[PDB]
$ cat work35.pdb   # PDB, C-alpha atoms (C1' of nucleotides)
ATOM      1  CA  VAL O  11      -7.327  32.108   1.550  1.00  0.00           C
ATOM      2  CA  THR O  12      -3.766  33.364   1.108  1.00  0.00           C
ATOM      3  CA  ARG O  13      -2.214  30.233  -0.417  1.00  0.00           C
ATOM      4  CA  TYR O  14      -2.325  26.458  -0.100  1.00  0.00           C
ATOM      5  CA  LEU O  15       0.179  23.633  -0.471  1.00  0.00           C
ATOM      6  CA  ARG O  16       0.116  19.954  -1.423  1.00  0.00           C
ATOM      7  CA  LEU O  17       1.530  16.801   0.156  1.00  0.00           C
ATOM      8  CA  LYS O  18       1.379  13.022  -0.121  1.00  0.00           C
ATOM      9  CA  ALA O  19       2.230  10.026   2.052  1.00  0.00           C
ATOM     10  CA  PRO O  20       2.241   6.252   1.448  1.00  0.00           C
ATOM     11  CA  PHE O  21       0.966   5.093   4.850  1.00  0.00           C
ATOM     12  CA  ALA O  22      -1.095   6.616   7.654  1.00  0.00           C
ATOM     13  CA  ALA O  23      -3.766   5.783  10.216  1.00  0.00           C
ATOM     14  CA  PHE O  24      -6.489   7.880  11.881  1.00  0.00           C
ATOM     15  CA  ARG O  25      -8.001   6.183  14.935  1.00  0.00           C
ATOM     16  CA  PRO O  26     -11.524   7.081  16.056  1.00  0.00           C
ATOM     17  CA  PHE O  27     -11.439   8.722  19.478  1.00  0.00           C
ATOM     18  CA  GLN O  28     -11.688   5.708  21.818  1.00  0.00           C
ATOM     19  CA  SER O  29     -12.920   3.365  19.090  1.00  0.00           C
ATOM     20  CA  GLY O  30     -13.017   0.327  21.366  1.00  0.00           C
ATOM     21  CA  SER O  31     -11.328  -3.041  21.786  1.00  0.00           C
ATOM     22  CA  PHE O  32     -10.955  -3.300  18.014  1.00  0.00           C
ATOM     23  CA  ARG O  33      -9.595  -0.244  16.224  1.00  0.00           C
ATOM     24  CA  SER O  34     -10.908   1.337  13.026  1.00  0.00           C
ATOM     25  CA  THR O  35     -10.065   4.222  10.700  1.00  0.00           C
ATOM     26  CA  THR O  36     -11.509   7.034   8.593  1.00  0.00           C
ATOM     27  CA  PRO O  37     -10.752   7.892   4.950  1.00  0.00           C
ATOM     28  CA  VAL O  38      -9.544  11.413   5.806  1.00  0.00           C
ATOM     29  CA  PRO O  39      -7.667  12.900   8.788  1.00  0.00           C
ATOM     30  CA  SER O  40      -9.458  14.886  11.451  1.00  0.00           C
ATOM     31  CA  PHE O  41      -9.235  18.671  11.395  1.00  0.00           C
ATOM     32  CA  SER O  42      -7.585  18.736  14.827  1.00  0.00           C
ATOM     33  CA  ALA O  43      -4.828  16.375  13.674  1.00  0.00           C
ATOM     34  CA  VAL O  44      -4.169  18.502  10.582  1.00  0.00           C
ATOM     35  CA  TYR O  45      -4.056  21.658  12.706  1.00  0.00           C
ATOM     36  CA  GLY O  46      -1.576  20.028  15.077  1.00  0.00           C
ATOM     37  CA  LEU O  47       0.586  18.791  12.207  1.00  0.00           C
ATOM     38  CA  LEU O  48       0.703  22.263  10.644  1.00  0.00           C
ATOM     39  CA  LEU O  49       1.479  23.867  14.010  1.00  0.00           C
ATOM     40  CA  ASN O  50       4.320  21.426  14.684  1.00  0.00           C
ATOM     41  CA  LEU O  51       5.765  21.632  11.164  1.00  0.00           C
ATOM     42  CA  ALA O  52       6.256  25.384  11.631  1.00  0.00           C
ATOM     43  CA  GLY O  53       8.356  24.604  14.710  1.00  0.00           C
ATOM     44  CA  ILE O  54       5.816  26.086  17.127  1.00  0.00           C
ATOM     45  CA  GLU O  55       6.133  23.976  20.262  1.00  0.00           C
ATOM     46  CA  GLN O  56       2.990  23.020  22.144  1.00  0.00           C
ATOM     47  CA  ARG O  57       1.608  25.771  24.364  1.00  0.00           C
ATOM     48  CA  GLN O  58       1.090  23.440  27.343  1.00  0.00           C
ATOM     49  CA  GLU O  59       3.062  20.261  28.048  1.00  0.00           C
ATOM     50  CA  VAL O  60       2.454  19.593  31.743  1.00  0.00           C
ATOM     51  CA  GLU O  61       2.883  16.073  33.087  1.00  0.00           C
ATOM     52  CA  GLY O  62       0.615  13.729  34.998  1.00  0.00           C
ATOM     53  CA  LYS O  63      -1.623  10.739  34.434  1.00  0.00           C
ATOM     54  CA  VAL O  64      -2.768  12.510  31.278  1.00  0.00           C
ATOM     55  CA  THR O  65      -1.979  15.618  29.229  1.00  0.00           C
ATOM     56  CA  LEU O  66      -3.703  17.905  26.697  1.00  0.00           C
ATOM     57  CA  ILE O  67      -5.282  20.557  28.924  1.00  0.00           C
ATOM     58  CA  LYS O  68      -5.557  23.407  26.426  1.00  0.00           C
ATOM     59  CA  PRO O  69      -7.291  26.744  26.998  1.00  0.00           C
ATOM     60  CA  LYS O  70      -7.874  28.886  23.926  1.00  0.00           C
ATOM     61  CA  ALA O  71      -6.660  32.174  25.441  1.00  0.00           C
ATOM     62  CA  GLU O  72      -3.184  32.099  23.839  1.00  0.00           C
ATOM     63  CA  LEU O  73      -3.475  30.192  20.558  1.00  0.00           C
ATOM     64  CA  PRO O  74      -3.229  31.262  16.892  1.00  0.00           C
ATOM     65  CA  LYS O  75      -6.468  32.062  15.077  1.00  0.00           C
ATOM     66  CA  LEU O  76      -6.857  30.520  11.640  1.00  0.00           C
ATOM     67  CA  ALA O  77      -9.275  28.979   9.144  1.00  0.00           C
ATOM     68  CA  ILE O  78      -8.756  25.552   7.577  1.00  0.00           C
ATOM     69  CA  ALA O  79     -10.440  23.582   4.797  1.00  0.00           C
ATOM     70  CA  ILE O  80      -9.793  20.053   3.511  1.00  0.00           C
ATOM     71  CA  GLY O  81      -9.405  18.408   0.120  1.00  0.00           C
ATOM     72  CA  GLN O  82      -8.867  15.071  -1.588  1.00  0.00           C
ATOM     73  CA  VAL O  83      -7.598  14.023  -5.037  1.00  0.00           C
ATOM     74  CA  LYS O  84      -7.579  10.223  -5.351  1.00  0.00           C
ATOM     75  CA  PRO O  85      -9.634   7.604  -3.472  1.00  0.00           C
ATOM     76  CA  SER O  86      -7.707   5.040  -1.446  1.00  0.00           C
ATOM     77  CA  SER O  87      -8.521   1.583  -0.110  1.00  0.00           C
ATOM     78  CA  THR O  88      -7.896   0.118   3.354  1.00  0.00           C
ATOM     79  CA  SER O  89      -6.254  -2.998   4.769  1.00  0.00           C
ATOM     80  CA  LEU O  90      -5.890  -4.714   8.150  1.00  0.00           C
ATOM     81  CA  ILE O  91      -2.317  -5.513   9.205  1.00  0.00           C
ATOM     82  CA  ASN O  92      -1.882  -6.410  12.904  1.00  0.00           C
ATOM     83  CA  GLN O  93      -2.374  -9.336  15.242  1.00  0.00           C
ATOM     84  CA  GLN O  94      -1.341  -8.184  18.713  1.00  0.00           C
ATOM     85  CA  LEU O  95      -1.071  -5.103  20.902  1.00  0.00           C
ATOM     86  CA  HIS O  96      -0.986  -5.286  24.687  1.00  0.00           C
ATOM     87  CA  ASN O  97      -3.312  -3.312  26.955  1.00  0.00           C
ATOM     88  CA  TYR O  98      -3.856  -2.439  30.616  1.00  0.00           C
ATOM     89  CA  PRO O  99      -6.114  -4.908  32.450  1.00  0.00           C
ATOM     90  CA  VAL O 100      -9.273  -3.963  34.308  1.00  0.00           C
ATOM     91  CA  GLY O 101     -10.225  -6.290  37.137  1.00  0.00           C
ATOM     92  CA  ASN O 102      -8.232  -8.163  39.752  1.00  0.00           C
ATOM     93  CA  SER O 103      -4.898  -7.369  38.115  1.00  0.00           C
ATOM     94  CA  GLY O 104      -3.787 -10.297  40.289  1.00  0.00           C
ATOM     95  CA  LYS O 105      -0.487 -12.016  41.110  1.00  0.00           C
ATOM     96  CA  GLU O 106       2.692 -10.691  39.476  1.00  0.00           C
ATOM     97  CA  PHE O 107       0.976  -7.802  37.701  1.00  0.00           C
ATOM     98  CA  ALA O 108       0.569  -6.119  41.087  1.00  0.00           C
ATOM     99  CA  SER O 109       4.025  -7.375  42.096  1.00  0.00           C
ATOM    100  CA  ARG O 110       6.038  -5.636  39.375  1.00  0.00           C
ATOM    101  CA  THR O 111       4.655  -2.064  39.156  1.00  0.00           C
ATOM    102  CA  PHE O 112       7.432  -0.822  36.865  1.00  0.00           C
ATOM    103  CA  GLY O 113       5.411   1.144  34.360  1.00  0.00           C
ATOM    104  CA  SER O 114       3.282  -1.936  34.157  1.00  0.00           C
ATOM    105  CA  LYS O 115       1.702  -2.249  30.688  1.00  0.00           C
ATOM    106  CA  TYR O 116       1.537  -6.038  31.160  1.00  0.00           C
ATOM    107  CA  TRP O 117      -0.970  -8.721  30.056  1.00  0.00           C
ATOM    108  CA  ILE O 118      -0.282  -8.731  26.328  1.00  0.00           C
ATOM    109  CA  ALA O 119      -3.378  -9.614  24.298  1.00  0.00           C
ATOM    110  CA  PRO O 120      -3.996  -9.959  20.551  1.00  0.00           C
ATOM    111  CA  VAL O 121      -5.860  -7.275  18.611  1.00  0.00           C
ATOM    112  CA  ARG O 122      -6.088  -6.132  14.984  1.00  0.00           C
ATOM    113  CA  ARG O 123      -6.417  -2.718  13.350  1.00  0.00           C
ATOM    114  CA  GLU O 124      -6.500  -0.991   9.970  1.00  0.00           C
ATOM    115  CA  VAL O 125      -4.139   0.959   7.710  1.00  0.00           C
ATOM    116  CA  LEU O 126      -4.476   3.075   4.567  1.00  0.00           C
ATOM    117  CA  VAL O 127      -2.803   1.963   1.343  1.00  0.00           C
ATOM    118  CA  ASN O 128      -2.011   5.513   0.178  1.00  0.00           C
ATOM    119  CA  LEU O 129      -2.799   9.129   0.987  1.00  0.00           C
ATOM    120  CA  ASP O 130      -2.626  12.536  -0.698  1.00  0.00           C
ATOM    121  CA  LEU O 131      -3.840  15.945   0.485  1.00  0.00           C
ATOM    122  CA  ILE O 132      -4.049  19.345  -1.171  1.00  0.00           C
ATOM    123  CA  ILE O 133      -5.478  21.932   1.246  1.00  0.00           C
ATOM    124  CA  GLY O 134      -3.401  24.653   2.887  1.00  0.00           C
ATOM    125  CA  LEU O 135      -4.095  27.512   5.287  1.00  0.00           C
ATOM    126  CA  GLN O 136      -5.558  31.011   5.354  1.00  0.00           C
ATOM    127  CA  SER O 137      -3.340  32.823   7.840  1.00  0.00           C
ATOM    128  CA  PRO O 138      -1.618  36.182   8.404  1.00  0.00           C
ATOM    129  CA  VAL O 139       1.701  36.864   6.715  1.00  0.00           C
ATOM    130  CA  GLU O 140       3.854  36.407   9.827  1.00  0.00           C
ATOM    131  CA  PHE O 141       2.558  32.896  10.536  1.00  0.00           C
ATOM    132  CA  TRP O 142       3.165  31.775   6.953  1.00  0.00           C
ATOM    133  CA  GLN O 143       6.639  33.331   7.059  1.00  0.00           C
ATOM    134  CA  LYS O 144       7.616  31.494  10.238  1.00  0.00           C
ATOM    135  CA  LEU O 145       6.124  28.284   8.831  1.00  0.00           C
ATOM    136  CA  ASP O 146       8.387  28.675   5.793  1.00  0.00           C
ATOM    137  CA  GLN O 147      11.318  29.346   8.126  1.00  0.00           C
ATOM    138  CA  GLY O 148      10.515  26.143  10.005  1.00  0.00           C
ATOM    139  CA  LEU O 149      10.331  24.198   6.746  1.00  0.00           C
ATOM    140  CA  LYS O 150      13.333  26.000   5.203  1.00  0.00           C
ATOM    141  CA  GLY O 151      15.426  28.051   7.599  1.00  0.00           C
ATOM    142  CA  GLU O 152      17.909  28.113  10.446  1.00  0.00           C
ATOM    143  CA  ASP O 171       7.103  12.602   3.247  1.00  0.00           C
ATOM    144  CA  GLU O 172       7.368  15.591   0.907  1.00  0.00           C
ATOM    145  CA  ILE O 173       5.329  18.805   0.867  1.00  0.00           C
ATOM    146  CA  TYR O 174       5.364  21.727  -1.569  1.00  0.00           C
ATOM    147  CA  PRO O 175       2.962  24.453  -2.794  1.00  0.00           C
ATOM    148  CA  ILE O 176       1.287  23.897  -6.185  1.00  0.00           C
ATOM    149  CA  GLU O 177      -1.706  26.052  -5.223  1.00  0.00           C
ATOM    150  CA  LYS O 178      -3.038  27.391  -8.531  1.00  0.00           C
ATOM    151  CA  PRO O 179      -3.101  24.188 -10.675  1.00  0.00           C
ATOM    152  CA  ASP O 180      -4.024  20.576  -9.832  1.00  0.00           C
ATOM    153  CA  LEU O 181      -7.433  21.096  -8.231  1.00  0.00           C
ATOM    154  CA  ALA O 182      -9.623  18.193  -7.106  1.00  0.00           C
ATOM    155  CA  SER O 183     -12.672  17.375  -4.983  1.00  0.00           C
ATOM    156  CA  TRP O 184     -13.335  18.833  -1.532  1.00  0.00           C
ATOM    157  CA  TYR O 185     -15.407  18.323   1.615  1.00  0.00           C
ATOM    158  CA  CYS O 186     -18.174  20.284   3.312  1.00  0.00           C
ATOM    159  CA  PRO O 187     -20.653  19.888   6.189  1.00  0.00           C
ATOM    160  CA  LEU O 188     -24.019  18.593   5.004  1.00  0.00           C
ATOM    161  CA  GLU O 189     -27.531  19.806   5.824  1.00  0.00           C
ATOM    162  CA  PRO O 190     -30.683  17.634   5.939  1.00  0.00           C
ATOM    163  CA  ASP O 191     -31.029  17.498   2.141  1.00  0.00           C
ATOM    164  CA  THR O 192     -29.045  16.645  -1.008  1.00  0.00           C
ATOM    165  CA  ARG O 193     -28.130  13.085  -0.036  1.00  0.00           C
ATOM    166  CA  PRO O 194     -24.344  12.701  -0.534  1.00  0.00           C
ATOM    167  CA  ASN O 195     -22.280   9.671  -1.567  1.00  0.00           C
ATOM    168  CA  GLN O 196     -19.547   7.846   0.384  1.00  0.00           C
ATOM    169  CA  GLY O 197     -19.439  10.439   3.144  1.00  0.00           C
ATOM    170  CA  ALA O 198     -17.267  10.275   6.239  1.00  0.00           C
ATOM    171  CA  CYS O 199     -19.190   8.839   9.184  1.00  0.00           C
ATOM    172  CA  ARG O 200     -17.495  10.924  11.890  1.00  0.00           C
ATOM    173  CA  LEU O 201     -15.004  13.760  12.226  1.00  0.00           C
ATOM    174  CA  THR O 202     -13.434  15.845  14.989  1.00  0.00           C
ATOM    175  CA  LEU O 203     -12.948  19.624  15.164  1.00  0.00           C
ATOM    176  CA  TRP O 204     -11.413  20.390  18.584  1.00  0.00           C
ATOM    177  CA  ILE O 205     -10.972  17.692  21.232  1.00  0.00           C
ATOM    178  CA  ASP O 206      -9.436  17.750  24.708  1.00  0.00           C
ATOM    179  CA  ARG O 207      -8.888  14.531  26.663  1.00  0.00           C
ATOM    180  CA  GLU O 208     -11.144  15.549  29.551  1.00  0.00           C
ATOM    181  CA  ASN O 209     -14.828  15.735  30.437  1.00  0.00           C
ATOM    182  CA  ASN O 210     -16.489  18.042  27.901  1.00  0.00           C
ATOM    183  CA  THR O 211     -18.997  18.097  25.048  1.00  0.00           C
ATOM    184  CA  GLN O 212     -16.208  17.170  22.565  1.00  0.00           C
ATOM    185  CA  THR O 213     -17.083  18.546  19.086  1.00  0.00           C
ATOM    186  CA  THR O 214     -20.525  19.430  17.773  1.00  0.00           C
ATOM    187  CA  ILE O 215     -20.745  18.316  14.130  1.00  0.00           C
ATOM    188  CA  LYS O 216     -19.729  14.764  13.210  1.00  0.00           C
ATOM    189  CA  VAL O 217     -20.757  13.933   9.642  1.00  0.00           C
ATOM    190  CA  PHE O 218     -19.137  15.447   6.552  1.00  0.00           C
ATOM    191  CA  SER O 219     -19.891  15.145   2.856  1.00  0.00           C
ATOM    192  CA  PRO O 220     -17.606  15.114  -0.201  1.00  0.00           C
ATOM    193  CA  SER O 221     -18.236  17.304  -3.230  1.00  0.00           C
ATOM    194  CA  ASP O 222     -16.719  16.470  -6.624  1.00  0.00           C
ATOM    195  CA  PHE O 223     -15.959  19.342  -9.006  1.00  0.00           C
ATOM    196  CA  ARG O 224     -12.753  20.719 -10.534  1.00  0.00           C
ATOM    197  CA  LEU O 225     -13.507  24.205  -9.230  1.00  0.00           C
ATOM    198  CA  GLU O 226     -12.480  26.163  -6.153  1.00  0.00           C
ATOM    199  CA  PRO O 227     -14.262  24.868  -3.032  1.00  0.00           C
ATOM    200  CA  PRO O 228     -17.178  26.954  -1.738  1.00  0.00           C
ATOM    201  CA  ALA O 229     -16.887  29.250   1.257  1.00  0.00           C
ATOM    202  CA  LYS O 230     -18.800  26.625   3.248  1.00  0.00           C
ATOM    203  CA  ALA O 231     -15.798  24.306   2.885  1.00  0.00           C
ATOM    204  CA  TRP O 232     -13.572  26.759   4.759  1.00  0.00           C
ATOM    205  CA  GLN O 233     -14.059  26.457   8.522  1.00  0.00           C
ATOM    206  CA  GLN O 234     -12.630  28.992  10.973  1.00  0.00           C
ATOM    207  CA  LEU O 235     -11.063  26.740  13.592  1.00  0.00           C
ATOM    208  CA  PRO O 236     -11.606  27.896  17.201  1.00  0.00           C
ATOM    209  CA  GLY O 237      -8.181  26.459  18.007  1.00  0.00           C
TER
ATOM    210  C1'   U G   1      12.026  17.232  15.403  1.00  0.00           C
ATOM    211  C1'   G G   2       4.043  16.682  19.490  1.00  0.00           C
ATOM    212  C1'   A G   3       0.384  15.233  21.634  1.00  0.00           C
ATOM    213  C1'   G G   4      -3.604   8.530  21.620  1.00  0.00           C
ATOM    214  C1'   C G   5       1.621   5.877  20.828  1.00  0.00           C
ATOM    215  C1'   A G   6       5.510  -0.341  23.249  1.00  0.00           C
ATOM    216  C1'   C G   7       7.670  -4.176  23.949  1.00  0.00           C
ATOM    217  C1'   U G   8       7.332 -11.956  18.462  1.00  0.00           C
ATOM    218  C1'   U G   9       1.985 -14.593  15.421  1.00  0.00           C
ATOM    219  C1'   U G  10       5.492 -17.335  19.024  1.00  0.00           C
ATOM    220  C1'   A G  11       8.057 -23.270  19.080  1.00  0.00           C
ATOM    221  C1'   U G  12       8.071 -29.511  16.112  1.00  0.00           C
ATOM    222  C1'   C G  13       7.582 -34.174  12.230  1.00  0.00           C
ATOM    223  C1'   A G  14       7.857 -40.278   7.046  1.00  0.00           C
ATOM    224  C1'   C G  15       3.342 -42.198   0.620  1.00  0.00           C
ATOM    225  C1'   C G  16       4.556 -47.558   1.414  1.00  0.00           C
ATOM    226  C1'   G G  17       4.486 -49.516  -2.701  1.00  0.00           C
ATOM    227  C1'   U G  18       5.371 -52.999  -6.459  1.00  0.00           C
ATOM    228  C1'   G G  19       4.786 -54.077 -11.969  1.00  0.00           C
ATOM    229  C1'   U G  20       5.413 -53.175 -19.903  1.00  0.00           C
ATOM    230  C1'   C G  21       2.752 -55.887 -26.023  1.00  0.00           C
ATOM    231  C1'   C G  22       3.196 -59.580 -30.189  1.00  0.00           C
ATOM    232  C1'   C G  23       2.881 -58.924 -37.235  1.00  0.00           C
ATOM    233  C1'   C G  24       4.265 -57.928 -41.961  1.00  0.00           C
ATOM    234  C1'   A G  25       8.672 -55.589 -48.973  1.00  0.00           C
ATOM    235  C1'   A G  26       6.151 -53.116 -56.019  1.00  0.00           C
ATOM    236  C1'   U G  27       6.839 -52.070 -61.015  1.00  0.00           C
ATOM    237  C1'   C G  28       9.085 -49.965 -66.873  1.00  0.00           C
ATOM    238  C1'   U G  29      11.845 -47.160 -70.048  1.00  0.00           C
ATOM    239  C1'   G G  30      18.764 -43.116 -74.089  1.00  0.00           C
ATOM    240  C1'   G G  31      20.486 -38.806 -78.343  1.00  0.00           C
ATOM    241  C1'   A G  32      22.167 -36.319 -83.458  1.00  0.00           C
ATOM    242  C1'   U G  33      26.969 -32.428 -87.009  1.00  0.00           C
ATOM    243  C1'   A G  34      31.586 -29.328 -87.451  1.00  0.00           C
ATOM    244  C1'   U G  35      39.776 -26.255 -87.538  1.00  0.00           C
ATOM    245  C1'   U G  36      43.445 -22.362 -89.396  1.00  0.00           C
ATOM    246  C1'   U G  37      48.292 -18.299 -89.721  1.00  0.00           C
ATOM    247  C1'   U G  38      53.849 -15.468 -86.800  1.00  0.00           C
TER
END

$ encode --input "work35.pdb" --output "structure tokens"
Amino acid sequence: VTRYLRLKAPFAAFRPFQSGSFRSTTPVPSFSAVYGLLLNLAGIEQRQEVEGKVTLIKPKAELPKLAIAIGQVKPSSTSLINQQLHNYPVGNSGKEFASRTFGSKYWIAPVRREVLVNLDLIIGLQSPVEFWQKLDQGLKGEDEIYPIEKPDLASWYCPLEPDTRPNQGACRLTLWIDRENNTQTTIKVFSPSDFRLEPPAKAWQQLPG
RNA sequence: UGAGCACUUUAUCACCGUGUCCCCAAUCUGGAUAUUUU
């Protein structure tokens, strides 16, 4: 890796991909979300932004190549703070609903979901010099994030093989997802490793995106 | 500052009461000597 930078945030939420009627969350963000956040923070606009019923139709032909890991310093708890969020009905969709048709989003119904009390992340990116330079220009050029790479090292994550039973692992995770018919991502489960030493090469994952 | 991203936990109201007591008090004890110049 070239260098890595640290950040923290008080509140966040990471929905499982089509969790269901009742939402849920995961202790750590997905790799795809982190990749998108880093791409946007550099000021790189999305490669494709066509419009229609849906979006996110992304070929890999023109897209930066890069390798990302993930880290974690302090465990955080979870809470549930919501009572309502409307939806789009399935069924008759009778009476007025069919009468209005104004970007409908009618039939408000109650539903709850989860939030994270606190969040802090440490990992950065292994990338060529030009990409890091333009990322710095996007951050500084024409909540809070800053590089403390060498000190302040904490635990990390890594894919797990059928041995060495881990503790408090993440149930599911996403690598590269497109909102269409596909095979989604291959590996789901991940395992945390606790040691104040540089993460192993297995922790680094070369992202296809 | 980008893609899953909505539209509210929403609107009202008394604890009624009433009601407190009488009795009382002790004692004893004291002291000694001492001034002179403008």

$ resolve_selection --input "work35.pdb" --expression "the PyMOL selection byres ((chain O and resi 140-142) around 10)" --output "ChimeraX atom specification"
/O:12-13,49,52,74,76,135-139,143-148

$ interface_residues --input "work35.pdb" --of "chain O" --to "chain G" --cutoff "9 Å" --atoms "all atoms listed in the file" --output "VMD selection string"
chain O and resid 25 27 to 28 46 to 47 50 to 51 53 55 to 56 59 65 to 66 93 to 96 115

$ residues_around --input "work35.pdb" --residues "segment 207-216 of chain O" --least-positions-apart "2" --cutoff "10 Å" --atoms "only C-alpha atoms (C1' of nucleotides)" --output "ChimeraX atom specification"
/O:27,64-68,187-188,198-205,218 /G:4

$ write_last_selection --input "work35.pdb" --atoms "C-alpha atoms (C1' of nucleotides)" --output "PDB file, in the frame of the given file"
ATOM      1  CA  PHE O  27     -11.439   8.722  19.478  1.00  0.00           C
ATOM      2  CA  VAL O  64      -2.768  12.510  31.278  1.00  0.00           C
ATOM      3  CA  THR O  65      -1.979  15.618  29.229  1.00  0.00           C
ATOM      4  CA  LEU O  66      -3.703  17.905  26.697  1.00  0.00           C
ATOM      5  CA  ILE O  67      -5.282  20.557  28.924  1.00  0.00           C
ATOM      6  CA  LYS O  68      -5.557  23.407  26.426  1.00  0.00           C
ATOM      7  CA  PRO O 187     -20.653  19.888   6.189  1.00  0.00           C
ATOM      8  CA  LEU O 188     -24.019  18.593   5.004  1.00  0.00           C
ATOM      9  CA  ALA O 198     -17.267  10.275   6.239  1.00  0.00           C
ATOM     10  CA  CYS O 199     -19.190   8.839   9.184  1.00  0.00           C
ATOM     11  CA  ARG O 200     -17.495  10.924  11.890  1.00  0.00           C
ATOM     12  CA  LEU O 201     -15.004  13.760  12.226  1.00  0.00           C
ATOM     13  CA  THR O 202     -13.434  15.845  14.989  1.00  0.00           C
ATOM     14  CA  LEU O 203     -12.948  19.624  15.164  1.00  0.00           C
ATOM     15  CA  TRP O 204     -11.413  20.390  18.584  1.00  0.00           C
ATOM     16  CA  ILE O 205     -10.972  17.692  21.232  1.00  0.00           C
ATOM     17  CA  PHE O 218     -19.137  15.447   6.552  1.00  0.00           C
TER      18      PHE O 218
ATOM     19  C1'   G G   4      -3.604   8.530  21.620  1.00  0.00           C
TER      20        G G   4
END

$ residues_near_point --input "work35.pdb" --point "(-11.6, -3.3, 11.7)" --cutoff "6 Å" --atoms "all atoms listed in the file" --output "MDAnalysis selection string"
chainID O and resid 33:34 123:124

$ atom_distance --input "work35.pdb" --atom1 "atom CA of residue 131 of chain O" --atom2 "atom CA of residue 92 of chain O"
25.6 Å

$ atom_distance --input "work35.pdb" --atom1 "atom CA of residue 235 of chain O" --atom2 "atom CA of residue 42 of chain O"
8.8 Å

$ atom_distance --input "work35.pdb" --atom1 "atom CA of residue 219 of chain O" --atom2 "atom CA of residue 40 of chain O"
13.5 Å

$ axis_aligned_box --input "work35.pdb" --around "segment 140-172 of chain O" --padding-each-side "8 Å" --output "AutoDock Vina command-line options"
--center_x 10.2 --center_y 24.5 --center_z 5.7 --size_x 31.4 --size_y 39.8 --size_z 25.6

$ closest_residue --input "work35.pdb" --among "O:192, O:117, O:129, O:88" --to "residue 101 of chain O" --atoms "only C-alpha atoms"
O:117

$ closest_residue --input "work35.pdb" --among "O:81, O:37, O:237, O:26" --to "residue 180 of chain O" --atoms "all atoms listed in the file"
O:81

$ resolve_selection --input "work35.pdb" --expression "the PyMOL selection byres ((chain O and resi 85) around 10)" --output "MDAnalysis selection string"
chainID O and resid 37 82:84 86:87 128:130

$ closest_residue --input "work35.pdb" --among "O:80, O:108, O:72, O:151" --to "residue 183 of chain O" --atoms "all atoms listed in the file"
O:80

$ residues_around --input "work35.pdb" --residues "residue 17 of chain O" --least-positions-apart "3" --cutoff "9 Å" --atoms "only C-alpha atoms (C1' of nucleotides)" --output "MDAnalysis selection string"
chainID O and resid 129:133 171:175

$ residues_around --input "work35.pdb" --residues "residue 177 of chain O" --least-positions-apart "5" --cutoff "8 Å" --atoms "all atoms listed in the file" --output "PyMOL selection string"
chain O and resi 13-16

$ write_last_selection --input "work35.pdb" --atoms "C-alpha atoms" --output "PDB file, keeping the file's coordinate frame"
ATOM      1  CA  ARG O  13      -2.214  30.233  -0.417  1.00  0.00           C
ATOM      2  CA  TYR O  14      -2.325  26.458  -0.100  1.00  0.00           C
ATOM      3  CA  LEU O  15       0.179  23.633  -0.471  1.00  0.00           C
ATOM      4  CA  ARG O  16       0.116  19.954  -1.423  1.00  0.00           C
TER       5      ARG O  16
END

$ closest_residue --input "work35.pdb" --among "O:149, O:73, O:38, O:182" --to "residue 227 of chain O" --atoms "all atoms listed in the file"
O:182

$ closest_residue --input "work35.pdb" --among "O:90, O:79, O:119, O:127" --to "residue 184 of chain O" --atoms "all atoms listed in the file"
O:79
